[PDB]
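Colleague: The amino acid sequence is not available; the structure is as follows:
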């Protein structure tokens, strides 16, 4: 009866917190470097465009 | 056949030893018929004849 506020109500950056297993979902901090390696079948020749 | 009003553009090119370039040529022809294509520059080789 004195816990206060769980982390899903206090944590910054709009964090969302769950348990079993404990997780911090959808933090808004930083940037995600996404590297994509795509095959040549996907492309289309410039003349074909 | 005689050809007039010829314009040439290179949508994309690459010196990759395997015909890495393409050229598009617009033309106006007097009549239908086969025509010889020849590159007057040793530095550039054209696949089509």
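Modeller: The structure has been received and is ready for your questions. Numbering: from 1, shown residues only, chains lettered A, B, ... in the order given.

Colleague: Which residue ranges of chain A form helices?
Modeller: A:7-10 (DSSP state H).

Colleague: Which residues of chain A lie near chain B?
Modeller: A:45, A:46, A:47 (CB under 8 Å from any CB of the partner chain). All C-beta spots, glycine's among them, are computed from the backbone N, C-alpha and C.

Colleague: how near is the second one to residue B:15?
Modeller: Remark: distance between residue A:46 and residue B:15 (CB to CB, to the nearest Å) = 16 Å.

Colleague: same thing with residue A:23?
Modeller: For residue A:23 relative to residue B:15 (CB to CB), the value is 52 Å.

Colleague: circling back to that earlier point, so if I had to pick from residue A:46 and residue B:15, which one is more boxed in?
Modeller: The neighbour count for residue A:46 versus residue B:15, taken as other CB atoms under 10 Å in any protein chain shown, is higher for residue A:46 (12 against 9).

Colleague: what sits against the more buried one?
Modeller: Taking CB atoms under 8 Å, 6 or more residues apart in numbering or on different chains, we find residue A:46 in contact with B:11, B:12, B:22.

Colleague: Now the buried members of these.
Modeller: Restricting the contacts of residue A:46 to buried positions leaves nothing, with burial counted as 16 or more other CB atoms under 10 Å in any protein chain shown.
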